[PDB]
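Have a look at the structure below, then the notes.
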Amino acid sequence: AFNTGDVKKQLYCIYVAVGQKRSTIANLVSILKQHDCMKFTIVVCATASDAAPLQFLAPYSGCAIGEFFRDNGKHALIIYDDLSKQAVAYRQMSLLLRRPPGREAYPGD
Amino acid sequence: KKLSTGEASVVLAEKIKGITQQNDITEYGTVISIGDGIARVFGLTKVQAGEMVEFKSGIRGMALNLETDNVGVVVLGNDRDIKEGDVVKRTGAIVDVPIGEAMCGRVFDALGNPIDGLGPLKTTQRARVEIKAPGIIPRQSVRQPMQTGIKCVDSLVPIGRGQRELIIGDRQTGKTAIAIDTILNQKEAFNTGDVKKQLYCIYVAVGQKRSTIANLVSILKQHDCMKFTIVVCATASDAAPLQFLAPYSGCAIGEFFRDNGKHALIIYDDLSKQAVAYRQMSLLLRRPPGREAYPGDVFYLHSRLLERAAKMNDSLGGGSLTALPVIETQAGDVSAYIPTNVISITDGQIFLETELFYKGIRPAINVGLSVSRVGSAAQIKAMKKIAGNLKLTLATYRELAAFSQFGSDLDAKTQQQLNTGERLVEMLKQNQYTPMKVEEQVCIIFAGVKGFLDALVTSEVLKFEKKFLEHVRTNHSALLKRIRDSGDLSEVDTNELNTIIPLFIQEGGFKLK
Amino acid sequence: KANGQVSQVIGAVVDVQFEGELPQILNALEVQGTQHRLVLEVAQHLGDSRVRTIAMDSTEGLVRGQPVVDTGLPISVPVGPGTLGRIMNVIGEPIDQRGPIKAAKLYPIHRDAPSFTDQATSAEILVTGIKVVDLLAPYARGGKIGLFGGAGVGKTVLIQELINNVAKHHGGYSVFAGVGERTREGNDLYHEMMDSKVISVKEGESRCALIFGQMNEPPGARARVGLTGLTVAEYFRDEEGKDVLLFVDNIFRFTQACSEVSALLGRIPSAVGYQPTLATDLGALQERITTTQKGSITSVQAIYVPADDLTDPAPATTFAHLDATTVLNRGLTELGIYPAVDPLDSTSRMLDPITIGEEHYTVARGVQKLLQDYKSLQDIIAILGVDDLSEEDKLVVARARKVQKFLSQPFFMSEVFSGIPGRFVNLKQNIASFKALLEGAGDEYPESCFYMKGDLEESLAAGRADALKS
Amino acid sequence: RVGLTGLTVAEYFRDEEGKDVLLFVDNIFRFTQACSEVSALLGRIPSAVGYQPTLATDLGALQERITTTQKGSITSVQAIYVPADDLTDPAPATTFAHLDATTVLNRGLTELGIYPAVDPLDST
Amino acid sequence: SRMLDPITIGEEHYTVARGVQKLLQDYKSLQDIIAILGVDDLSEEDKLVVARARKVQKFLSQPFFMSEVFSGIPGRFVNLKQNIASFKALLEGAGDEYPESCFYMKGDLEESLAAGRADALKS
Amino acid sequence: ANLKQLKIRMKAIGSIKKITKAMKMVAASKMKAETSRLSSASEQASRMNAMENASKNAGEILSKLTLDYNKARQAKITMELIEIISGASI
Amino acid sequence: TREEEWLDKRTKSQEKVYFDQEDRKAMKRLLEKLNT
Ligand SMILES: Nc1ncnc2c1ncn2[C@@H]1O[C@H](COP(=O)(O)OP(=O)(O)OP(=O)(O)O)[C@@H](O)[C@H]1O
Ligand SMILES: Nc1ncnc2c1ncn2[C@@H]1O[C@H](COP(=O)(O)OP(=O)(O)O)[C@@H](O)[C@H]1O
Ligand SMILES: [Mg+2]
Ligand SMILES: [Mg+2]
């Protein structure tokens, strides 16, 4: 759709990688470049080495980038890699803050 | 450390100021914190554990935690009324509830306040809610039956006066139904005047909506079984402490009868819910939680209650207090915490299955698990004999039921046992709000064990039951009168019964095969 | 004049420090200087003139020392016909963008339940048009109604159909409070009520009010919006003895929101992570949803069953408050049957031979025995097959399959999924249809004709037509 | 502590009188359960399946004061209740660690008319 | 393994691996019923699958050099080509006629066939 | 291990064992008739023996699964209790 | 490890076959009956 001039079907793709080895994301970006599909893709990376708050904010950061297109008449596809990993980071960041834990140690909210 | 709730800034400020004015610290308290229906009060020394206290607004509370620097109180009402700084005065008396005969036929709150609106309650005296159960000597052997009216129960799971029988089952299996059926059967004595048999009934509602309670009262008034029953209501809207006290309030009302030589029956509905209310109070007080977050003494909570149902000896008067606690199992698993406790406390349990309820078996009583410790000692002389054979036949039939679907393929003398068991189970079925006198039960169970029902078709068993009782009630009234007075099935009556039953089956219009 | 000021902000829980005359519990506090109106609900007195409260909006942007005003009364929302046909928030703000709400007065969302003497219970059949419900679990006008379902079994679609079937042609007013559910469904329902003319822009019409505390809202809002919807209904009931239809989209979200903040409020967690006050918090709400001498309220509430575990504390406790219960089963969906109403588990306090006709009670029990017997046979059928069964068992299996398929009914709101127009079944026709099936009226025709049909006559005609077609 | 009270009454006969004593204990599971409750009340963190950390020690105390000496012996016959029919439950497991023999009473033997209910095979 | 793809490794290598996994998964889906009741009532194709899966599962095992003291048999090193050929021939049904014991702790398919052929020869 | 699934699997095996036990009864009856009549009997004998073996194997598996269910039940109680204690400590 | 799913699939499959044949018979018999 992007190559052909049909704007009514263009779909910007956003890929949010939470708690993934940078090697995996690099292979994925190379694959995207190989097919030339990277010109319309955005990759947000919060890898395992990154601090827990980063893994917690990456999905929200990506969603805001998508709201840009949403509010501007465009269409955006945001792909949150495992949200279970975001929950783990939030659990870590909250427990270290001395907040009372819930079932499976996850915060109540 | 972290801090102490007794180190409030206002209390500390007074010490720093140096003015030794406590505004009569003893017998008066000042609220320090309020949350989730629990108020911590500084001062208020000389307050007994479990005592009632009055707040500035008018709502009462119960002092449950006597700490060094404060008192943890559970408010008996809405928590919004009183705020920090309010004054608390100890009433000076442990919680008590009124007792007497003038209460029968009235709906009460957990504290004895009549909510039915029929008028002011006029009683002589009041009794403490919390007291010790009778010892080992004051008691006496359970030798007197408590006729529920349910065929299966009165036959296979007998309940004697002074016994603790647990009605346990999943949701919507017919537990409350059994309780109400018992109350209805007890009405014949009051109507007739047999003081020896009169059994006052007490229904305790815990965590139940007021709509079902109104329906329950209407049913009792409809069947006239009111005027000898007492309803104690601790509805879902009532605070947790009230749902925790209702059972003890009811038990005290029953002890009145027991002490005076009268016989009383108390039913606790949704007893498990009472544990939930106690757990809430305990967790909010920050007491150490145990399994399933229940406090350590949850078991104790129930024991001291159920152990108050006893059969007093003839010296004290011979009274008795029969209990029927209810328990709701989630997935039919009795391995949970509260079921195991209440099963270990009670004598026997009536286990209700939902699958049987679906299959049309009402009451959905699983006789395999259901057991009564007292046993035959409770039943009248007439039942014990036939009931033993009945239990054996049902046991063999449950063993054989595994091959029910393979009926014609299996040999004879086994499929016959299967057919016989079906007749019995159909005979044990019963409608709701239809209690049967013990004499009529004997005739029906007799027809079943002798084997006469094997002739009829299973679908006609219940028709024969009602139709045959009408004939016996009409013609053979001396026969029933003997069974009722003597209490035993004499040989002559046995022969008389054995002759007319098959004769009736023939002249009856119902088909056979 | 603001006496208090923010002192601690953690999540949605906020602590406030007051100089004098602390507010009673449950009062509403207004924070000053916020871009959007932020309200705090007093929950605890911590001492030293401190109160711990729960925020109704996002606490991001708050600052320690920010002044707080005490209103002196709990959260008050506008009641009356001014709310009819208008979407409202938990605190009474209009989110429909049509302007301010006109109200004769403001009522607080917290009040004591009605007494026992003024309960005034009454039983009267409620024809929903759904044959399975009308047959196995009849609904009572003025009694609570529960739809227990897991994720994606069809309880949302069922709520829409009840609205289409009952809300319309209903003399009284109707309220729809959707707490915790998704916002997409809210837009669909609003547009549907507008199309159906249940609500309109033209004043004096639009006999229905809407309250939404959807997911996007933080805790405390999802925990009190249900009370807001209930308060509107109570006015319509008490001040006018008018029958009220209260539709509560999932109420499980109410208890869930409470537990999300219970920990920060200081409470110890319960068995499954819920707050210790689950039963009382829930009962305080249920007891208010009841018919009384003045008026009647017919409440249809959906209870989400997480992981299809009916033993979860929330739905387990709710069971006791309901008069009629409708349990949705996921296995039926796999079979294609809709609605997926478990015929055996579903129960109704009105399923009594005295309340309803004896014939109705007799027919229902027969169906339940038939289905239960079929379920028992399935085991041996797996190993031996239907052939090795006896004629009696074969007839049971055949008739049960036809009955189970006949229980499926196509509703209007479901057309887009299936493509077949909805259908409405009267009570008399429903009982007769199932009574005939029990007698063997349809044991001749194929079971395929008893699928997504309204009445037995329609099903038989379709079977005969397919024959002439082939 | 009631179990220890009965145990003490028996120890007198063993040491002073020098004779053999027979100590019957209503199911020891309730003794174990009561100990668990006091531990919880005292604020001790519960163990695996809700029992107290001192299950072994609380149970071993009583079971060890029961033995044979030069003066006499205390033979204990104690009832065993298996919760949920789980022999691997901590209470019955820690108990079996002490039992020297087991006497299993069977209902079928009663039906046959034999009324020592003990089973020859199950008993060990 | 991320390395398992038709482009990185030969398409033949990938097809053989997927076939083995499909064979083993099919057999694994039947183990419960086979445990309750035998394979007699089992279909003919399913019985062939069961037999072939046992062979392959046994053939997967191999003796190591470092584990030579434990078992007492010399270790085996299997080149990639020999490995693929062995499993390809086994899926095709080369060694189905022989007993499954000849594939236990064997390096290459030819070794198993020689042992199986000797067992056929002995009788 | 998701006790709900274990209980379902336990329930299934019990039904299988029950049905298999019943068929063994039926096979004994039918085998008796054929021997009285006397290959057909051989079919019945093999069926009776096979059902006995199958019911036996099912029973072993059911006992083994019961152990795992009790094991899982104890762990679940322990895990939930630890959550409650950790929340109550702070 | 899922024996319950095995029984459920077995049950469904056998019922469908048997009752599909019955549906064939029922359409034929009623058609013969409707024509006259
Ligand atoms: N003997 C009976 N025969 C036919 N129906 C019965 C019988 N007993 C009870 N029912 C019905 O089963 C349902 C349960 O009645 P009941 O409330 O007494 O049991 P319950 O387990 O206490 O319910 P709940 O869980 O709400 O407290 C009701 O619908 C009742 O009408
Ligand atoms: N009567 C029905 N007929 C066909 N499909 C249905 C029907 N009801 C629901 N479905 C499906 O069920 C799903 C909706 O379930 P829903 O009512 O929304 O439960 P929940 O509120 O928990 O999400 C949709 O996929 C919808 O297509
Ligand atoms: Mg009940
Ligand atoms: Mg929904």
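Letters for chains follow the order of the structure tokens (A, B, ...), residue numbers begin at 1 for each chain, and ligand numbers begin at 1 in the order shown.
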
Notebook entry, point to check: If we count only C-alpha atoms, which residues of chain B reach to within 8 Å of chain C? Please list them as a VMD selection string.
Noted result: chain B and resid 8 to 10 32 to 36 79 to 84 115 to 117 208 to 211 214 to 215 236 to 240 279 to 280 283 to 284 286 292 to 293 330 to 331 358 to 360

Requested write-out: N, CA, C and O atoms of the selected residues, as a short mmCIF file (atom, residue, chain, number, x, y, z; two decimals), in the first residue's frame:
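Below you can see selection_21.cif, which holds the result:
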```
data_model
loop_
_atom_site.label_atom_id
_atom_site.label_comp_id
_atom_site.auth_asym_id
_atom_site.auth_seq_id
_atom_site.Cartn_x
_atom_site.Cartn_y
_atom_site.Cartn_z
N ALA B 8 -0.30 9.67 69.37
CA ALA B 8 -0.91 10.71 68.57
C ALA B 8 -0.32 12.07 68.93
O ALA B 8 0.12 12.30 70.06
N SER B 9 -0.32 12.97 67.95
CA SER B 9 0.23 14.30 68.19
C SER B 9 -0.55 15.05 69.27
O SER B 9 0.04 15.75 70.09
N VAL B 10 -1.87 14.90 69.28
CA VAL B 10 -2.69 15.60 70.27
C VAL B 10 -2.41 15.07 71.67
O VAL B 10 -2.27 15.85 72.62
N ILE B 32 -9.26 8.07 68.07
CA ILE B 32 -8.02 8.47 67.44
C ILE B 32 -8.02 8.20 65.94
O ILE B 32 -7.41 8.97 65.18
N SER B 33 -8.66 7.13 65.49
CA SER B 33 -8.69 6.80 64.07
C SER B 33 -9.92 5.96 63.78
O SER B 33 -10.37 5.18 64.63
N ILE B 34 -10.45 6.11 62.58
CA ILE B 34 -11.65 5.40 62.15
C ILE B 34 -11.46 4.94 60.72
O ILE B 34 -11.11 5.74 59.84
N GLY B 35 -11.67 3.65 60.47
CA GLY B 35 -11.55 3.13 59.13
C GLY B 35 -12.15 1.76 58.97
O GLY B 35 -11.90 0.86 59.78
N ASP B 36 -12.95 1.59 57.92
CA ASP B 36 -13.52 0.29 57.59
C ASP B 36 -14.34 -0.28 58.74
O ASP B 36 -14.43 -1.49 58.92
N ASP B 79 -20.19 3.43 59.60
CA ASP B 79 -18.96 4.06 60.05
C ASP B 79 -18.91 5.55 59.76
O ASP B 79 -18.06 6.25 60.31
N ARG B 80 -19.81 6.06 58.91
CA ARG B 80 -19.78 7.46 58.52
C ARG B 80 -20.18 8.40 59.64
O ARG B 80 -19.79 9.57 59.61
N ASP B 81 -20.95 7.93 60.62
CA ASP B 81 -21.52 8.85 61.59
C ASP B 81 -20.44 9.52 62.43
O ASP B 81 -20.30 10.74 62.43
N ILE B 82 -19.67 8.73 63.15
CA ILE B 82 -18.70 9.24 64.11
C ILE B 82 -17.39 9.54 63.40
O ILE B 82 -17.00 8.87 62.45
N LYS B 83 -16.72 10.59 63.87
CA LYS B 83 -15.46 11.05 63.31
C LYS B 83 -14.43 11.18 64.42
O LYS B 83 -14.73 11.06 65.61
N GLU B 84 -13.19 11.43 64.01
CA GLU B 84 -12.10 11.58 64.96
C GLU B 84 -12.42 12.65 65.98
O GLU B 84 -13.04 13.67 65.67
N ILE B 115 -37.56 -5.81 64.38
CA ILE B 115 -37.62 -5.07 63.12
C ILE B 115 -38.91 -5.31 62.36
O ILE B 115 -39.16 -4.61 61.37
N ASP B 116 -39.71 -6.29 62.77
CA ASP B 116 -40.96 -6.58 62.07
C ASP B 116 -41.96 -5.45 62.18
O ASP B 116 -42.87 -5.35 61.35
N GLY B 117 -41.83 -4.59 63.19
CA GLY B 117 -42.72 -3.46 63.36
C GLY B 117 -44.03 -3.77 64.05
O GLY B 117 -44.86 -2.87 64.20
N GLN B 208 -27.77 -12.67 54.41
CA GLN B 208 -28.88 -12.92 53.50
C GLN B 208 -29.62 -11.62 53.26
O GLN B 208 -29.78 -10.81 54.18
N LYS B 209 -30.07 -11.42 52.03
CA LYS B 209 -30.84 -10.23 51.72
C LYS B 209 -32.19 -10.26 52.41
O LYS B 209 -32.75 -11.32 52.69
N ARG B 210 -32.71 -9.07 52.70
CA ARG B 210 -33.97 -8.95 53.42
C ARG B 210 -35.16 -9.44 52.61
O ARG B 210 -36.19 -9.76 53.19
N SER B 211 -35.03 -9.51 51.29
CA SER B 211 -36.14 -9.96 50.46
C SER B 211 -36.46 -11.42 50.72
O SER B 211 -37.63 -11.79 50.91
N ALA B 214 -38.16 -11.86 54.09
CA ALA B 214 -39.58 -11.55 54.07
C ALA B 214 -40.37 -12.69 53.44
O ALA B 214 -41.45 -13.05 53.93
N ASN B 215 -39.85 -13.27 52.36
CA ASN B 215 -40.51 -14.42 51.76
C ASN B 215 -40.55 -15.58 52.75
O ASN B 215 -41.56 -16.28 52.86
N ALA B 236 -27.06 -8.77 54.77
CA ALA B 236 -25.83 -8.37 54.11
C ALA B 236 -25.51 -6.90 54.35
O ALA B 236 -24.33 -6.52 54.35
N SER B 237 -26.53 -6.07 54.54
CA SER B 237 -26.28 -4.66 54.80
C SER B 237 -25.79 -4.42 56.21
O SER B 237 -25.11 -3.41 56.46
N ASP B 238 -26.11 -5.31 57.14
CA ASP B 238 -25.67 -5.13 58.51
C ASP B 238 -24.16 -5.26 58.57
O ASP B 238 -23.54 -6.00 57.82
N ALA B 239 -23.56 -4.51 59.49
CA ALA B 239 -22.12 -4.55 59.65
C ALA B 239 -21.65 -5.96 59.97
O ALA B 239 -22.42 -6.82 60.40
N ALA B 240 -20.36 -6.19 59.74
CA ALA B 240 -19.79 -7.51 59.99
C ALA B 240 -19.95 -7.96 61.43
O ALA B 240 -20.28 -9.14 61.64
N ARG B 279 -13.52 -12.84 59.91
CA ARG B 279 -12.24 -12.65 59.24
C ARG B 279 -12.01 -11.19 58.93
O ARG B 279 -10.90 -10.66 59.10
N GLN B 280 -13.05 -10.51 58.45
CA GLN B 280 -12.95 -9.09 58.15
C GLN B 280 -12.55 -8.29 59.38
O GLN B 280 -11.60 -7.50 59.34
N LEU B 283 -8.85 -9.12 60.22
CA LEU B 283 -7.87 -8.56 59.31
C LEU B 283 -7.77 -7.05 59.46
O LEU B 283 -6.67 -6.48 59.38
N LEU B 284 -8.90 -6.38 59.68
CA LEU B 284 -8.87 -4.94 59.87
C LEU B 284 -8.22 -4.56 61.19
O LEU B 284 -7.64 -3.47 61.30
N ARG B 286 -5.70 -6.12 62.17
CA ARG B 286 -4.32 -6.47 61.90
C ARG B 286 -3.86 -7.67 62.71
O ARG B 286 -2.69 -7.79 63.05
N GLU B 292 -6.28 -19.28 54.17
CA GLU B 292 -7.38 -18.57 53.52
C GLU B 292 -7.68 -17.27 54.24
O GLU B 292 -8.82 -16.78 54.23
N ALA B 293 -6.66 -16.68 54.86
CA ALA B 293 -6.74 -15.42 55.58
C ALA B 293 -7.63 -15.50 56.81
O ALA B 293 -7.95 -14.47 57.40
N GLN B 330 -18.03 -24.63 47.86
CA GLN B 330 -17.96 -24.02 46.54
C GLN B 330 -17.99 -25.08 45.44
O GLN B 330 -18.93 -25.12 44.63
N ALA B 331 -16.98 -25.94 45.39
CA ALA B 331 -16.88 -26.97 44.37
C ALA B 331 -17.18 -28.36 44.94
O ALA B 331 -16.60 -29.35 44.50
N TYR B 358 -30.07 -32.20 39.95
CA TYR B 358 -30.39 -32.18 38.52
C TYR B 358 -31.16 -33.43 38.12
O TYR B 358 -32.18 -33.35 37.43
N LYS B 359 -30.69 -34.60 38.55
CA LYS B 359 -31.29 -35.88 38.18
C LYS B 359 -32.71 -36.03 38.70
O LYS B 359 -33.37 -37.04 38.44
N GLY B 360 -33.20 -35.03 39.43
CA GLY B 360 -34.55 -35.07 39.95
C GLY B 360 -34.67 -35.62 41.34
O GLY B 360 -35.79 -35.81 41.83
#
```

Next item on the list: All residues within 10 Å of ligand 3 are required, counting only C-alpha atoms and all ligand atoms; please report them as a PyMOL selection string.
Entry: (chain B and resi 171-180+205+208+212+269-270+326-328) or (chain C and resi 320)

Margin query: At a cut-off of 8 Å and counting only C-alpha atoms and all ligand atoms, what residues surround ligand 2? Please answer as a ChimeraX atom specification.
Written below: /C:149-159,181,249-250,302,304,333,336-340,409-411,413-415,417-418

Next item on the list: Provide as a list in words the residues of chain F at most 6 Å from chain D, counting only C-alpha atoms.
Entry: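 Going by the stated atoms only, the list reads residues 74, 77 and 78 of chain F.
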
If you keep N, CA and C atoms, can you produce a file of those selected residues as a PDB file, in the first residue's frame?
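Result file is part-v3.pdb:
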```pdb
ATOM      1  N   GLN F  74      -1.466 -28.974  48.166  1.00  0.00           N
ATOM      2  CA  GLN F  74      -0.635 -28.459  49.246  1.00  0.00           C
ATOM      3  C   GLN F  74       0.148 -27.233  48.808  1.00  0.00           C
ATOM      4  N   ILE F  77      -2.126 -24.085  48.627  1.00  0.00           N
ATOM      5  CA  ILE F  77      -2.366 -23.531  49.953  1.00  0.00           C
ATOM      6  C   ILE F  77      -1.148 -22.748  50.416  1.00  0.00           C
ATOM      7  N   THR F  78       0.032 -23.340  50.256  1.00  0.00           N
ATOM      8  CA  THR F  78       1.262 -22.695  50.689  1.00  0.00           C
ATOM      9  C   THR F  78       1.492 -21.385  49.951  1.00  0.00           C
TER      10      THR F  78
END
```

Report as a CSV table (one decimal) with C-alpha atoms, in the first residue's frame the set of chain F residues whose atoms approach chain B to within 7 Å, with distances computed over only C-alpha atoms.
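Written output follows (part.csv):
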```csv
chain,number,residue,atom,x,y,z
F,18,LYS,CA,-16.0,-47.7,35.4
F,22,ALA,CA,-18.8,-52.9,33.4
F,26,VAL,CA,-20.8,-58.3,30.4
F,29,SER,CA,-21.7,-63.3,31.1
F,81,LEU,CA,-0.6,-18.2,52.4
F,84,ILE,CA,-1.1,-13.0,52.4
```

Next item on the list: Please provide the set of residues having any atom within 12 Å of residue 21 in chain B, restricted to only C-alpha atoms, with same-chain residues fewer than 5 positions apart removed, written as a list in words.
Entry: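 Counting only C-alpha atoms, the residues come to residues 11, 14 and 15 of chain B.
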
Keeping N, CA, C and O atoms for every residue in the selection just given, could you write it to a file as a JSON list (two decimals), in the first residue's frame?
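And here is the file that came out, selection-v8.json:
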```json
[["chain", "number", "residue", "atom", "x", "y", "z"],
["B", 11, "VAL", "N", -2.33, 13.75, 71.83],
["B", 11, "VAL", "CA", -2.04, 13.18, 73.14],
["B", 11, "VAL", "C", -0.63, 13.53, 73.58],
["B", 11, "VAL", "O", -0.38, 13.86, 74.74],
["B", 14, "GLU", "N", -0.26, 17.17, 74.89],
["B", 14, "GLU", "CA", -0.68, 17.41, 76.26],
["B", 14, "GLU", "C", 0.44, 17.10, 77.24],
["B", 14, "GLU", "O", 0.67, 17.84, 78.20],
["B", 15, "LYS", "N", 1.16, 15.99, 77.01],
["B", 15, "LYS", "CA", 2.27, 15.65, 77.89],
["B", 15, "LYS", "C", 3.34, 16.74, 77.85],
["B", 15, "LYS", "O", 3.88, 17.12, 78.89]]
```

Next item on the list: From chain E, collect each residue whose DSSP state is helix (DSSP H, G or I) and return the set as number ranges by chain.
Entry: E: 11-28, 31-36, 44-60, 68-71, 80-92, 100-103, 109-122

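Here is the contact set of chain E against chain C, at 12 Å and counting only C-alpha atoms: residues 33, 37 and 41 of chain E.
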
Next item on the list: Show which residues sit within 9 Å of residue 30 in chain C, as a PyMOL selection string. Count only C-alpha atoms, and ignore same-chain residues fewer than 5 positions away.
Entry: chain C and resi 37-40+67-71

Write the residues of the selection above to a file with N, CA, C and O atoms, as a PDB file, in the first residue's frame.
```pdb
ATOM      1  N   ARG C  37     -11.732  18.871  37.028  1.00  0.00           N
ATOM      2  CA  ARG C  37     -12.322  18.719  38.348  1.00  0.00           C
ATOM      3  C   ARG C  37     -11.922  17.377  38.936  1.00  0.00           C
ATOM      4  O   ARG C  37     -12.272  16.323  38.395  1.00  0.00           O
ATOM      5  N   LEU C  38     -11.185  17.415  40.038  1.00  0.00           N
ATOM      6  CA  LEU C  38     -10.744  16.216  40.730  1.00  0.00           C
ATOM      7  C   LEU C  38     -11.434  16.131  42.081  1.00  0.00           C
ATOM      8  O   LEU C  38     -11.421  17.095  42.850  1.00  0.00           O
ATOM      9  N   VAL C  39     -12.035  14.981  42.358  1.00  0.00           N
ATOM     10  CA  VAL C  39     -12.777  14.748  43.587  1.00  0.00           C
ATOM     11  C   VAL C  39     -12.133  13.608  44.356  1.00  0.00           C
ATOM     12  O   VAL C  39     -11.656  12.635  43.763  1.00  0.00           O
ATOM     13  N   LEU C  40     -12.127  13.730  45.679  1.00  0.00           N
ATOM     14  CA  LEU C  40     -11.567  12.725  46.567  1.00  0.00           C
ATOM     15  C   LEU C  40     -12.654  12.246  47.515  1.00  0.00           C
ATOM     16  O   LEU C  40     -13.395  13.060  48.075  1.00  0.00           O
ATOM     17  N   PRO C  67      -4.142  22.968  47.922  1.00  0.00           N
ATOM     18  CA  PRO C  67      -5.318  23.127  48.777  1.00  0.00           C
ATOM     19  C   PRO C  67      -6.459  22.213  48.370  1.00  0.00           C
ATOM     20  O   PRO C  67      -6.664  21.917  47.191  1.00  0.00           O
ATOM     21  N   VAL C  68      -7.207  21.770  49.374  1.00  0.00           N
ATOM     22  CA  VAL C  68      -8.349  20.889  49.187  1.00  0.00           C
ATOM     23  C   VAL C  68      -9.547  21.476  49.914  1.00  0.00           C
ATOM     24  O   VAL C  68      -9.431  21.928  51.057  1.00  0.00           O
ATOM     25  N   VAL C  69     -10.697  21.465  49.250  1.00  0.00           N
ATOM     26  CA  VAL C  69     -11.931  22.016  49.792  1.00  0.00           C
ATOM     27  C   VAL C  69     -12.855  20.881  50.196  1.00  0.00           C
ATOM     28  O   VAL C  69     -12.970  19.872  49.493  1.00  0.00           O
ATOM     29  N   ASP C  70     -13.521  21.062  51.326  1.00  0.00           N
ATOM     30  CA  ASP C  70     -14.489  20.108  51.842  1.00  0.00           C
ATOM     31  C   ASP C  70     -15.884  20.558  51.437  1.00  0.00           C
ATOM     32  O   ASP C  70     -16.290  21.684  51.743  1.00  0.00           O
ATOM     33  N   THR C  71     -16.616  19.679  50.758  1.00  0.00           N
ATOM     34  CA  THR C  71     -17.964  20.018  50.326  1.00  0.00           C
ATOM     35  C   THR C  71     -18.961  19.887  51.462  1.00  0.00           C
ATOM     36  O   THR C  71     -19.979  20.587  51.476  1.00  0.00           O
TER      37      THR C  71
END
```

Check: Hey, what's within 6 Å of range 236-238 of chain C if we count only C-alpha atoms and toss same-chain stuff fewer than 4 positions away? As number ranges by chain, please?
Finding: C: 242, 294-295

Please write the residues from the selection above to a file, keeping N, CA, C and O atoms, as a PDB file, in the first residue's frame.
```pdb
ATOM      1  N   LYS C 242     -42.612   4.382  39.809  1.00  0.00           N
ATOM      2  CA  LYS C 242     -42.486   3.921  38.433  1.00  0.00           C
ATOM      3  C   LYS C 242     -41.516   2.752  38.354  1.00  0.00           C
ATOM      4  O   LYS C 242     -40.426   2.803  38.930  1.00  0.00           O
ATOM      5  N   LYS C 294     -42.969   1.774  47.508  1.00  0.00           N
ATOM      6  CA  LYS C 294     -43.144   2.921  46.626  1.00  0.00           C
ATOM      7  C   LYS C 294     -43.061   2.512  45.162  1.00  0.00           C
ATOM      8  O   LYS C 294     -43.958   2.819  44.370  1.00  0.00           O
ATOM      9  N   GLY C 295     -41.993   1.818  44.785  1.00  0.00           N
ATOM     10  CA  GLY C 295     -41.791   1.425  43.409  1.00  0.00           C
ATOM     11  C   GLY C 295     -41.010   0.134  43.326  1.00  0.00           C
ATOM     12  O   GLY C 295     -40.615  -0.445  44.339  1.00  0.00           O
TER      13      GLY C 295
END
```

Checklist line | Shell of 6 Å around range 25-30 of chain G, only C-alpha atoms, local chain residues under 2 positions omitted, as a list in words | finding: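 Returned residues: residues 444, 445 and 467 of chain C; 22, 23, 32, 33 and 34 of chain G.
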
Check: What is the distance, in Å and to one decimal place, between CA of residue 65 in chain E and CA of residue 17 in chain E?
Finding: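 Between CA of residue 65 in chain E and CA of residue 17 in chain E the gap is 25.1 Å.
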
How close does each residue of chain G get to chain F, giving the shortest atom pair and distance in Å to one decimal for every residue with an atom at most 7 Å away, counting only C-alpha atoms, sorted by chain and residue number, as CSV?
```
residue,atom,partner,partner_atom,distance
G:2,CA,F:9,CA,6.6
G:3,CA,F:9,CA,6.2
G:4,CA,F:12,CA,5.4
```

Could you make a table, as CSV, of the residues of chain C that have an atom within 9 Å of an atom of chain A, each with its nearest atom pair and distance in Å to one decimal, counting only C-alpha atoms, in chain and number order?
```
residue,atom,partner,partner_atom,distance
C:11,CA,A:109,CA,8.9
C:219,CA,A:109,CA,8.1
C:257,CA,A:109,CA,8.1
C:259,CA,A:108,CA,6.7
C:260,CA,A:108,CA,4.3
C:261,CA,A:108,CA,6.8
C:262,CA,A:108,CA,8.2
C:263,CA,A:100,CA,5.9
C:264,CA,A:100,CA,6.8
C:266,CA,A:100,CA,8.8
C:269,CA,A:102,CA,7.5
C:272,CA,A:103,CA,7.0
C:273,CA,A:103,CA,5.6
C:274,CA,A:102,CA,8.9
```
